[PDB]
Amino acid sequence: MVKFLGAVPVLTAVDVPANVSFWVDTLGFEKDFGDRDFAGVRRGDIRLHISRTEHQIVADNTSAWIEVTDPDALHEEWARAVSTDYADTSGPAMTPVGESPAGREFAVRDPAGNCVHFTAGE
């Protein structure tokens, strides 16, 4: 009987080392492995891969959902280091906490253009 244990979303980026540096140095993830074509980061029980793409439009349409125990606490931690004005596409930024079919969540747009949602989970 095959058990499905975990899922690893794949974010995409034109510049993998630069996007890895944001997840690690700014959001606090840890680097698992990686080079210029493909890297792995992790935090807690989850992992994210970052794969190189030659087309920017692929990354501006890439997204993922991450479940966390407390989106509001995580939002305030990251609010001191990430712009809270999401409409400014001059750089990475974060939305305010809001509500969705799954409950409280917020999103982060990384420098590569990926949109990752941080949603309440149990």
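Start at 1 and count along the sequence shown; that's the residue number.
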item: 44 to 52 versus 78 to 86 - which carries the larger mean C-alpha B factor in the record; value: 78 to 86
item: Per the entry, higher mean C-alpha B factor between 92 to 100 and 58 to 66; value: 92 to 100
item: For residue 21, the third of its chain into which the C-alpha B factor falls; value: highest
item: Record-listed C-alpha B factor of residue 116: chain third; value: lowest
